[PDB]
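We begin with a single chain expressed as structure tokens, specifically the form deposited in one PDB entry.
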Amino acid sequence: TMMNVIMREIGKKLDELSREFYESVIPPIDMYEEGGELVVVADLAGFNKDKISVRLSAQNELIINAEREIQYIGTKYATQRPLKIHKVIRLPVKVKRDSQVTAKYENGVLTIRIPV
């Protein structure tokens, strides 16, 4: 149903893109393999490491979760910045569930290391 999300915004100028669209599409991730390690680097500016969680379902995909809430002040024009985030990522080389996963969140950037 990802396509359905994009469609709702076809009328909109790039200034006006919805928050709901952003929740779906965020985050952008680059992911690569090096030395028996599968690394994912995602982009989540303005979030707290307590609110970020990562997991792998039995099906071979990697999952990312993040919550935040934002206080609304004054005359409001934009609600774009996403509160909730849920991202499922298909995995090309299935890492063992047992293998440890380490995530480091720095400078609005999330990095995840996964052993092969």
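We call the rigid core the largest set of C-alpha positions that still match within 1.5 Å between the two forms. Shifts are known only where both forms have a C-alpha. Numbering starts at 1 and runs along the sequence shown.
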Is the mean CA B factor in the deposited entry higher across 86-94 or across 22-30? 86-94
Once average C-alpha B-factors are taken from the entry for 70-78 and 44-52, the winner is 70-78
Record-listed C-alpha B factor of residue 39: chain third: middle
CA B-factor ranking of residue 62, expressed as a third of its chain: middle
Using the B-factor values recorded in the entry, state whether the Cα atom of residue 116 falls in the lowest, middle or highest third among the modelled residues of its chain. highest
Can you tell me whether residue 101 has a C-alpha B-factor in the lowest, middle or highest third compared with the other modelled residues of the same chain? highest
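Omitted here: the form deposited in another entry. The next part is about that form.
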With both forms fit on the core, is the shift of the CA atom of residue 92 between the shown form and the other one 2 Å or larger? no
Would the C-alpha of residue 9 be classed as shifted by 2 Å or more between the shown form and the other one after rigid-core alignment? yes
Relative to the form shown here, do the C-alpha atoms of residue 31 and residue 9 sit closer together or farther apart in that other deposited form, given a change of 3 Å or more? farther
What happens to the Cα distance from residue 20 to residue 14 in that other deposited form: does it get closer or farther than here, with a change of 3 angstroms or more? closer
Counting only common residues, the segments between the shown form and the other one where three or more consecutive C-alphas all move by 2 Å or more on the rigid core are 3-17, 58-60, 96-100
